[PDB]
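The structure under discussion appears below in the form of structure tokens.
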Amino acid sequence: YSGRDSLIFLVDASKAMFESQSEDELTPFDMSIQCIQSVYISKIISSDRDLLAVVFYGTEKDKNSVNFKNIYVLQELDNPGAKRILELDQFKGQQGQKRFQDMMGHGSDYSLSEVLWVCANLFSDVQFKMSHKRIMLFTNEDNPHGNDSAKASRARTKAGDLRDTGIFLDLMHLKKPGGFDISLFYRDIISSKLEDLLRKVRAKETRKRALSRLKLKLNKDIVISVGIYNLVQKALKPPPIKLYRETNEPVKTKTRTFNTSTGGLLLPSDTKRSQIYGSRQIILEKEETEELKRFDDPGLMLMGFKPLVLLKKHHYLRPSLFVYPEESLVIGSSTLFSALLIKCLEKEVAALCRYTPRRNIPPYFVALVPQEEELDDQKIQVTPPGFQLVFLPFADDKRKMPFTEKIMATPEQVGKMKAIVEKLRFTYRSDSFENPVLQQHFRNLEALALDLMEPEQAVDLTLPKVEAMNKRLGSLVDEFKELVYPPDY
Amino acid sequence: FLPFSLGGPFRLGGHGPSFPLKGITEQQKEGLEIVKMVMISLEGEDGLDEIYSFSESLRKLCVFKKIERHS
DNA sequence: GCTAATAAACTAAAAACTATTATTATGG
DNA sequence: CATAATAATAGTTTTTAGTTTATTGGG
């Protein structure tokens, strides 16, 4: 499902950004600004399909297209970008706070119902596929129901409308964190993470819409609608958009075939593919090439059933893809596959096929790991019910080794090193790998997008150490390595 | 390497199984016996890598020996 | 005494995400 | 020939597919 996650950033202007309010820090203006800046950076690196707008409930002198009193409209709904980063840097730090004092000032009178009015206007402004719409708000004023009851009633009515409209609002601890003490009564219409928001984890791109769906033409009679998808991706280099080094102007690199001799623009027609082999240049053509690659229609033709016992580590290829059952023109796909999964204890003998990716391209043997409905107790469908597309190699997929068959050592070595490795058991964490080049690259991009003094080099969990395992375990591994002249040359 | 072959799994169309070598010409049988008392002494790498039989040199690229160099 | 065998990067790339317009059916 | 007919034939940014890029190499 495509859709722009619109997010609004409601930050106070009177004191909730400026009063300690049962705390001792500085004005929450600066911390809130840095928090939202961090999340903007996180989106820029991780999500540029989500619109953002910042609003200041409370305004001495209105900066608002709505022109309503106590409305300060800084940034309109739009995807994250550098102009907004500069916009917030104007109000970043205590220098930014005193700026805020300069053009409009703090202690600003508020208009809550009008704030809901104008943010509703902003939500109405969008013209695109919307995935989510959230109001993000911090306030030291956890319960300013001390206002006129008419304003509170109208604000609650507007909240009922907007959540009825589907608009979502978030107020999160700024005065009395934890214990539900925060929002002493503004809990009425709203029903921690500052560390994450400042942490601004980024560079996370994920599937948004369905793609690459096919059918299980298992025999010449039966087909079963399915869909092929990925969750393991190879991180790319971001596109080098050739810009004029002076004027930042893009490049129309006009690349074509041609003739080195007669100065004419050649075409694939008046040219032919060829293969210089032996004594014969083996000629071909573009459609000839396609046909030589054109084998059969895309889909899954069942070639057999193999137990999940022949599969071994050497039986491995490119990272596996996934198949989910689909019912667009094959009734019972999901039903029959549910039967397959319930009888998957016996269906360790998984399906065998020579999968054809698309037309004009050949099929290839790819095994299918039966994915169960592994729904977690917290209701996370890890490995959704389907099949993992582990790819069956050919004799092509081989680069042989020598055969200097090595023999086992004395069992005391095995036992002592088992004690070593289990004593030196690294805490398992699947979501623990970030590429230092990748991370440092993100940091260069974000830092050399502003005038940052330096891009930080992210010390990743992927970096091995020298003493952390040498204090969790110690040098007893080397002392155990009792053989003369250990591989520590 | 005899003109004929020397001396579900049914998916479709494998290589040739074999070819007669016993009921063949008696002269062929005599020559085969002499070259086989040779074979027990010399069966050759030409056959050790793959015994040349008219059955087994038909279907696929088994001769092409699909493989690349070592790393 | 010599001289690849690679593999960082190639430089790309075929995927429906979306669908208005024509569809030629029926008021005219 | 009548004249608002309202389906397919793409429009889309898709990630993801083969790109020479690279150095140890026989003397």
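Residue numbering for chain A follows Swiss-Prot, covering 32-222, 237-534 in order.
Recorded method is electron microscopy, 7.8 Å.
For all residues, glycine too, the Cβ spot is worked out from N, Cα and C.
Pulled from Swiss-Prot, these are the features on record:
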MOD_RES   A:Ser51  phosphoserine
DOMAIN    A:261-468  domain 'Ku'
REGION    A:277-341  region 'DNA-binding'
CROSSLNK  A:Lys287  SUMO2 cross-link
MOD_RES   A:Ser306  phosphoserine
CROSSLNK  A:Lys317  SUMO2 cross-link
MOD_RES   A:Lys317  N6-acetyllysine
MOD_RES   A:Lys331  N6-acetyllysine
MOD_RES   A:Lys338  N6-acetyllysine
REGION    A:373-482  region 'Interaction with XRCC5'
MOD_RES   A:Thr455  phosphothreonine
MOD_RES   A:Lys461  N6-acetyllysine
MOD_RES   A:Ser477  phosphoserine
MOD_RES   A:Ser520  phosphoserine
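A map of Swiss-Prot features onto the structure.
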| residue | record | Cβ within 10 Å |
| --- | --- | --- |
| A:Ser51 | phosphoserine | 13 |
| A:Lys287 | SUMO2 cross-link | 11 |
| A:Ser306 | phosphoserine | 6 |
| A:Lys317 | SUMO2 cross-link | 12 |
| A:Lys331 | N6-acetyllysine | 12 |
| A:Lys338 | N6-acetyllysine | 11 |
| A:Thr455 | phosphothreonine | 7 |
| A:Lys461 | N6-acetyllysine | 16 |
| A:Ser477 | phosphoserine | 11 |
| A:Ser520 | phosphoserine | 9 |
Distance [Cα-Cα, Å, rounded] between A:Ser520 (phosphoserine) and A:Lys461 (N6-acetyllysine): 13
DSSP-assigned states of the region 'DNA-binding' (A:277-341) in counts, ordered helix, strand, coil: 8 helix, 12 strand, 45 coil
Secondary structure composition of the region 'Interaction with XRCC5' (A:373-482) [DSSP: H/G/I, E/B, coil]: 25 helix, 21 strand, 64 coil
For A:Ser51 (phosphoserine), the one of A:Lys287, A:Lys317, A:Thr455, A:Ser477 that lies nearest, given that the recorded positions are compared by Cα: A:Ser477
